[PDB]
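Note sheet for the following structure.
In what follows, chains are A, B, ... by sequence order, proteins preceding strands, each numbered from 1. Scope of the values below: all heavy atoms of this structure, side chains included, with no hydrogens, waters or symmetry mates. Whatever order the structure lists ligands and atoms in, that order sets their numbers, starting from 1.
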Amino acid sequence: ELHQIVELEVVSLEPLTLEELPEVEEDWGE
Amino acid sequence: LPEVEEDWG
Amino acid sequence: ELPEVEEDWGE
Amino acid sequence: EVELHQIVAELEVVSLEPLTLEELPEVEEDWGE
Amino acid sequence: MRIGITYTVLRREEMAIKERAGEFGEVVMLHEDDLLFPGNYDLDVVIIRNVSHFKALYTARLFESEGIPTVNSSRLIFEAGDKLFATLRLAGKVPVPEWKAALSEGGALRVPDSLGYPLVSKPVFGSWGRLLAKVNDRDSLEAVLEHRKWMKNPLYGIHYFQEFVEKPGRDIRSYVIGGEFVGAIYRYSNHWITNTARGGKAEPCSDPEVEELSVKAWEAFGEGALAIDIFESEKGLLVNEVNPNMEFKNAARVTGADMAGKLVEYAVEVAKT
Amino acid sequence: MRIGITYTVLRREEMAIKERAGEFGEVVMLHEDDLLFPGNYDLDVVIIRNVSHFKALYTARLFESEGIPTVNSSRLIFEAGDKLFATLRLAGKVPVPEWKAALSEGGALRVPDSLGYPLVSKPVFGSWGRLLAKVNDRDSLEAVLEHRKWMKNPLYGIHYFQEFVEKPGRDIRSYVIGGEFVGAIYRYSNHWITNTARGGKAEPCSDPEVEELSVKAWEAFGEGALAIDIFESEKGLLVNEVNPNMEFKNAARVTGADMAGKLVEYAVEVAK
Amino acid sequence: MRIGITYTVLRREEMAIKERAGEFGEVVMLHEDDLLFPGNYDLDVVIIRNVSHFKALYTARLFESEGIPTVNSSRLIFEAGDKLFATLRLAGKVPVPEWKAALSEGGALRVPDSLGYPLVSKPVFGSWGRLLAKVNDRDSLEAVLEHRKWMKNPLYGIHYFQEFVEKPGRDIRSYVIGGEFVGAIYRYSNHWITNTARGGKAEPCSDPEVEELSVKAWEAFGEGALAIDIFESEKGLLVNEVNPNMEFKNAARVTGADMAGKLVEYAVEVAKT
Amino acid sequence: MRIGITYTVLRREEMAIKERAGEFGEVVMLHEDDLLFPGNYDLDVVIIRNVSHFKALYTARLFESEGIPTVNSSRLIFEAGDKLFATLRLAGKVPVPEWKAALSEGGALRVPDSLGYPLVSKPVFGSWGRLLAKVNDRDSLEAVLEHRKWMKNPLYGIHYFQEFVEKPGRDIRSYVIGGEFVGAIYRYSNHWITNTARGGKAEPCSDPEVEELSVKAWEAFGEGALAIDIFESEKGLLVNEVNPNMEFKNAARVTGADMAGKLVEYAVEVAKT
Ligand SMILES: Nc1ncnc2c1ncn2[C@@H]1O[C@H](COP(=O)(O)OP(=O)(O)O)[C@@H](O)[C@H]1O
Ligand SMILES: Nc1ncnc2c1ncn2[C@@H]1O[C@H](COP(=O)(O)OP(=O)(O)O)[C@@H](O)[C@H]1O
Ligand SMILES: Nc1ncnc2c1ncn2[C@@H]1O[C@H](COP(=O)(O)OP(=O)(O)O)[C@@H](O)[C@H]1O
Ligand SMILES: Nc1ncnc2c1ncn2[C@@H]1O[C@H](COP(=O)(O)OP(=O)(O)O)[C@@H](O)[C@H]1O
Ligand SMILES: N[C@@H](CCCC(=O)O)C(=O)O
Ligand SMILES: [Mg+2]
Ligand SMILES: [Mg+2]
Ligand SMILES: [Mg+2]
Ligand SMILES: [Mg+2]
Ligand SMILES: [Mg+2]
């Protein structure tokens, strides 16, 4: 799926290419 | 990776 | 020496 | 009695042609000596 | 009657409010350093005048936690002080400029398909004209989005846009307290951003239509003391925003309306529950 | 039944939530790129899973404006997601650590007079244990306040503190959905900050008192799906915070409880 | 002989450098956690590979303070890594895009009078390339300046501008290590910004004019390992920027040049002084 | 003789400098709005008085690029203005407080093993005593590092520390211009941070040891006008810091030394090449 994080983030489908997750912001979490 | 800083390159 | 004008100052 | 950008409760003369006083800018992290 | 006034710096409006409060009872001037909770406060109502909108919100909430009513209330400060929550509340009830909200830059890039160019990008929690951008094309949209993203204050991640309204060199600033229209002014500027904090000059506004629209805009919230911002446009009057920590010194001077007196009177009435 | 799920990235959480939603009806996966308001959405309920707390808050409010109910609600996301608003709601109803709030640096300097040292300083809107500080003396207090002052965010000017609680090398994380306790874990760490986000290790917690206290804490809000943080102290159990965009992948793994299923089952109850 | 490599993460480039350096002597991998000064280090030279440009600059200065030379040097990292200091060093030595620098937004508002629209606004210290803005009119200029101003970094208050250069869907990236041109590529993109970190597709460049212009650009600085950015334009080749913290994994793959090996060879030479 | 003065606002210092420069030639007052490069400036020397340290550095460099000498120079402004660079220059020339520098959070955590507690954390580019922290233990260190980390500015990732020096309720600020000692004061406070900008109070200092030490400290840089910060300790006088955009209004008032005049006289000498 188009934004799965895998052991980082799948940015694209048509050409499938992985990429590092974005910058952790000060309101990220639970 | 950590958060990319405005400094990175 | 008025303090720093901040992002949420005003009305 | 004041020149443009003079420090006349801290105020800055930001204009003369129309006389405009304004609060000094926020202090930045590299301001000083 | 003990009336608290919560403040950051004693501006002309705070001094006026202090004076009027004195007519009705004992006034307690609370500088922010005097604010510590939980705490023992002997007050019947608190008039919230903190310059910072977020500090006003939390001090209102904190005084409510002590069983002390607050003008304005934390709910009103929250809902009226946030541009998006506020337009949502106005959307049913009064005409507003066309607007769009997006949650990411990808979504934000589709906004011009609804609103067209030029459009106005503004932060959700701002005041005095801060960080308003007039965006005429794709290149400036991208630029504005890139900059909002690297600011890393997460409130800037809520992308709020309006259509650019063609104003006649001015906008309107109105005042309604407890449902009563107290007065209105024009703010003139040769730049599209008309705030008096940005050099806008005020004269009185007696347009009967703005009184009516202002009361309706107030009624969308149903409480408190609100400064209201109205645009004249091609399609008539439009309510832009609402302000729960009204400045009024130039408004009161220009109009001769006693904004400070009306605010205090409303506060004594909420004190009497 | 047509169920929307808003997300930033598809974590384990969101994949499990999608599967469970698919058992009830039709699922619509809504990345933030698909969120544009006002707009036309055909949805009975939306499950809010945006990673950013503020983005969760506003997307809930926006779907509400389109007449679409949301789990969690914008009200709950704001009330439970702010530490000060949340403890004010909790303090009526459940034991909480002693706390103080100040609106300025000068007021904050008086907090040790009530709380004593050591105390904990934390931001009102944070998660994952970020910007937590254990302040043992005045010099430390001054350093934290100086740094908070120079940060952009006006929310850092709300100064919230608690007594430092001596925990037994762990804290507790509890899950209550729709008023029903679904499970709890201990989070262990060698550091006083125990978040799994910072390397905390999960063990299953079957303590009946945390179940009871957790339900009561949920009842202070009266709606939604909450992750609840509890401390063990020499005075007994204390509710620290409540979290309205719960992570659960480890908790679910460790307890065998179906947090995703309970979440979805509650969302469709809320839809109808 | 002992060759140090300072790194943040082990990218493809760092791993290639470690293997090449091992052919010359003992390789010591220095994560940022291992950098503490003053300290006892026993190295003949350090290859500076920190992802942060400022960490790289300070790391270089600190090793220099311990009598250990670095590639690149603190001087070069500072001058080449700052777009304005770099431009000043290139000016009069190689053709560059028309540029302008202001110290206030008031001054910045006059920049279009020299450069015209469209123009490009970029931060003095960035890469990859973040915060680039294409400014097509005054409204965009104002938006960019207002945003720059509310950002915290005081470096954002140095306003550096270039004319907008109409490139033919690509730009050039060449490499000069010591005085030696090691290779060059084309970076293609549909968008005016063409970085490979942003998504640009690499192809080999063998234009002898760019090899020539690249060596001249390096000679403006006179030391180091540099990645040089060149534009094609209606008025010929223009040197845009220089980068003292070179990435090359695509450039090496595409050209088949041994960028890592050349960098290491230059370092061992620097170790010999 | 045309003498430029670059400024942000006209503090007392800038007014005094303007007056003294007028006795030697035509003064050309250059607000930041008047700064635009490249440009044609017709000055024999420029006195750099911008309040922003970084704007001072860049305008110095920019004037130098127009062949116009600057007081202070861009090199001194950078070297002297950065705590770490300055400490590297002072070291081995004068006594200084024990210090340590780390490049990451993990490396910073080992600093206490060298320096012990209490220690002092401070930003490398700061002034006015801002963001100084007295760190008494590991919890405080972790607190400071956590906050540093979340701050945007990559310069906050260069971690500079000193041992905490137990001063006698004051420190010493001295002035050396062109190699000539021109005066010194004590700065008293009840707080360990003594800057006058934070409320510290000037008194005259006539200790002959500080005069000699002050000249040695200046000689480490060998040019310009420096304000020097000195600590009294149980192990004698320590040089803490050096400052290339001196404030002096309290110092001049209290010592009766003409700091503005001396700065100007030095500037006219550098004007003569
Ligand atoms: N969409 C718009 N079209 C035209 N003018 C606008 C628009 N939005 C804001 N303005 C102008 O900018 C001023 C400030 O914007 P506003 O939305 O009121 O933000 P603030 O809360 O900062 O005052 C308004 O008084 C008006 O003059
Ligand atoms: N007052 C306190 N006393 C002891 N430990 C605390 C205190 N506050 C927070 N902590 C520790 O730090 C962790 C993160 O704290 P908290 O910020 O309240 O939750 P979060 O940041 O995860 O929203 C807690 O789980 C706990 O281990
Ligand atoms: N003045 C300009 N005109 C046209 N394109 C530009 C201009 N400046 C930059 N660019 C494009 O943006 C890219 C990145 O900008 P650059 O100045 O190289 O900064 P960085 O150091 O971030 O790569 C360049 O490779 C080029 O493709
Ligand atoms: N290591 C230290 N020990 C004791 N006091 C210090 C130390 N460092 C700084 N100070 C105090 O803090 C003040 C400001 O620190 P300083 O290093 O001069 O930074 P700034 O450039 O902000 O003045 C000094 O004048 C001194 O009073
Ligand atoms: N740092 C450059 C790298 C270009 C050369 C390459 O991709 O190997 C960029 O981000 O475009
Ligand atoms: Mg307005
Ligand atoms: Mg939390
Ligand atoms: Mg927690
Ligand atoms: Mg200093
Ligand atoms: Mg100092």
Side-chain angles (χ1 to χ4, degrees), chain A residues 29-30, chain B residues 9, chain C residues 10-11, chain E residues 53 81 83 96-99 115 118-123 125-132 134 160-167 170-173 187 189 191-198 200 227 229-231 233 238 240-243, chain F residues 83 122 126-129 132 171 173 187 193-197 200 227-229 240-243, chain G residues 53 81 83 86 97-99 115 118-123 125-132 134 160-167 170-173 187 189 191-198 200 227 229-231 233 238 240-243:
Chain A
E30 315 183 39
Chain C
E11 325 184 35
Chain E
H53 154 83
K83 292 212 140 65
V96 297
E98 289 188 41
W99 63 278
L115 271 34
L119 84 225
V120 171
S121 160
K122 57 175 89 170
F125 65 91
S127 192
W128 294 352
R130 300 160 205 291
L131 297 162
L132 280 266
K134 182 172 176 275
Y160 176 77
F161 304 94
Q162 287 177 325
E163 64 173 312
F164 180 73
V165 174
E166 301 287 357
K167 305 188 308 298
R170 76 196 181 175
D171 72 348
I172 290 159
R173 159 59 139 262
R187 297 179 292 189
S189 191
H191 190 256
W192 71 274
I193 304 167
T194 61
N195 291 266
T196 63
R198 305 205 83 157
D229 270 53
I230 289 158
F231 298 167
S233 77
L238 307 172
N240 174 48
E241 76 144 7
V242 130
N243 292 288
Chain F
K83 296 207 152 53
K122 58 177 90 176
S127 187
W128 293 348
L132 282 254
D171 77 337
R173 168 83 151 207
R187 300 186 289 195
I193 303 171
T194 60
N195 299 72
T196 56
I228 300 169
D229 290 26
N240 170 48
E241 72 144 4
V242 163
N243 289 282
Chain G
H53 153 85
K83 304 207 88 80
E98 287 197 353
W99 65 272
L115 268 44
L119 68 281
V120 178
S121 171
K122 54 185 82 171
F125 64 91
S127 186
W128 280 354
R130 67 189 64 82
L131 293 160
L132 276 272
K134 183 165 182 295
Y160 173 87
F161 300 97
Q162 281 175 322
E163 63 181 316
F164 173 77
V165 177
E166 289 149 295
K167 310 188 295 298
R170 75 192 180 179
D171 79 337
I172 293 158
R173 172 79 150 197
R187 294 182 295 192
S189 175
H191 205 248
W192 71 277
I193 306 168
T194 74
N195 296 247
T196 64
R198 166 265 152 69
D229 290 45
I230 291 162
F231 300 164
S233 78
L238 306 167
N240 168 50
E241 85 146 343
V242 159
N243 301 93

Heavy atom of G:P97 under 4.0 Å from ligand 3?
no
Contact check: G:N195 vs ligand 3, nitrogen or oxygen atoms, below 3.5 angstrom
yes
Audit row: E:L238, E:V96, side-chain contact (heavy atoms from CB on, under 4.5 Å) steps and yes/no:
CA-CA 5 Å; E:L238 307 172; E:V96 297; 5.8 Å; no
Closest heavy-atom pair and its distance - E:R170, E:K167:
O-CB, 3.4 Å
Can you tell me how far apart CZ (G:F125) and CG (G:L131) are? Round to the nearest 0.5 Å.
7.5 Å
E:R173 vs E:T196, test: side-chain contact (heavy atoms from CB on, under 4.5 Å). Steps then yes/no.
CA-CA 10 Å; E:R173 159 59 139 262; E:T196 63; over 6 Å; no
Just how far is it from atom CD of G:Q162 to atom CZ of G:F231, taken to the nearest 0.5 Å?
6.0 Å
Report yes or no: does F:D229 have an N/O/S atom closer than 2.8 Å to the Mg ion (ligand 8)?
yes
Nearest neighbour in protein (non-hydrogen) for atom 24 (C) of ligand 3:
G:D171 OD2, 3.7 Å
Closest to atom 16 (P) of ligand 1 by heavy-atom distance, out of E:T196, E:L119, E:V120, E:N240, is E:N240
Are G:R173 and ligand 3 in contact, using a heavy-atom cut-off of under 4.0 Å?
no
Are any side-chain N or O atoms of F:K83 and backbone N or O atoms of F:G126, one a donor and one an acceptor, separated by less than 3.5 Å?
yes
Answer yes or no for E:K83: is there a heavy-atom contact with ligand 1 below 4.0 Å?
yes
Give me the residue, atom name and distance of the protein heavy atom closest to atom 4 (C) of ligand 3.
G:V165 O, 3.2 Å
Could you list which atoms of ligand 3 come closer than 4.0 Å to a heavy atom of G:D229?
18 (O), 25 (O)
Against ligand 3, does G:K134 come closer than 4.0 Å with any heavy atom?
no
Tell me which protein heavy atom sits closest to atom 22 (O) of ligand 3, plus the residue, atom name and distance to 0.1 Å.
G:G129 CA, 2.8 Å
Identify, by atom number and element, the atoms of ligand 1 in contact range of E:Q162, meaning under 4.0 Å from any of its heavy atoms.
1 (N), 2 (C), 7 (C), 8 (N)
Please work out which of the three classes, parallel, tilted or perpendicular, describes the rings of G:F164 and G:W192, given edges at 30° and 60°.
perpendicular
Note: ligand 3 atoms sitting under 4.0 Å from heavy atoms of G:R187 are 25 (O)
Please step through side-chain contact (heavy atoms from CB on, under 4.5 Å) for the pair F:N240 and F:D171, ending with a clear verdict.
CA-CA 10 Å; F:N240 170 48; F:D171 77 337; 5.7 Å; no
At a 4.0 Å cut-off, with the gap strictly under it, does some heavy atom of G:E166 reach an atom of ligand 3?
no
Atoms in ligand 3 flagged as close to G:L132, the criterion being non-hydrogen separation under 4.0 Å:
9 (C), 15 (O)
Among all protein heavy atoms, pick the one closest to atom 27 (O) of ligand 3 and tell me residue, atom and distance.
G:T194 OG1, 3.0 Å
Quick check: closest heavy atoms across E:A197 and E:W128, and the distance to 0.1 Å?
CB-CG, 3.7 Å
Protein heavy-atom partner closest to atom 17 (O) of ligand 3 - residue, atom, separation in Å
G:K122 NZ, 2.8 Å
Look up atom CZ in G:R198 and atom OG in G:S189, then write down how far apart they are to the nearest 0.5 Å.
4.5 Å
To which protein heavy atom is atom 21 (O) of ligand 3 closest, and what is the distance rounded to 0.1 Å?
G:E241 OE2, 2.6 Å
Show me which atoms of ligand 1 lie under 4.0 Å from any heavy atom of E:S127.
20 (P), 21 (O), 22 (O)
among protein heavy atoms, the one nearest atom 1 (N) of ligand 3 is G:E163 O, 2.9 Å
Minimum non-hydrogen distance to atom 10 (N) of ligand 3, winning option of G:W128, G:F164, G:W192
G:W192
Can you report which non-hydrogen protein atom sits closest to atom 5 (N) of ligand 3, along with the distance?
G:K167 NZ, 3.0 Å
Electrostatic pair E:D229-E:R187, nearest N-O below 4.0 angstrom:
yes
Gap between atom NZ of F:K122 and atom OG of F:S127 - 0.5 Å precision:
11.5 Å
Would you check, one step at a time, whether the test side-chain contact (heavy atoms from CB on, under 4.5 Å) holds for G:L132 with G:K134?
CA-CA 7 Å; G:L132 276 272; G:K134 183 165 182 295; over 6 Å; no
Using atom types as modelled and distance alone, determine if a side-chain donor or acceptor of G:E98 lies under 3.5 Å from a backbone N or O of G:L115.
no
Specify which N/O/S atom of F:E241 comes nearest to the Mg ion (ligand 8), by atom name.
OE2
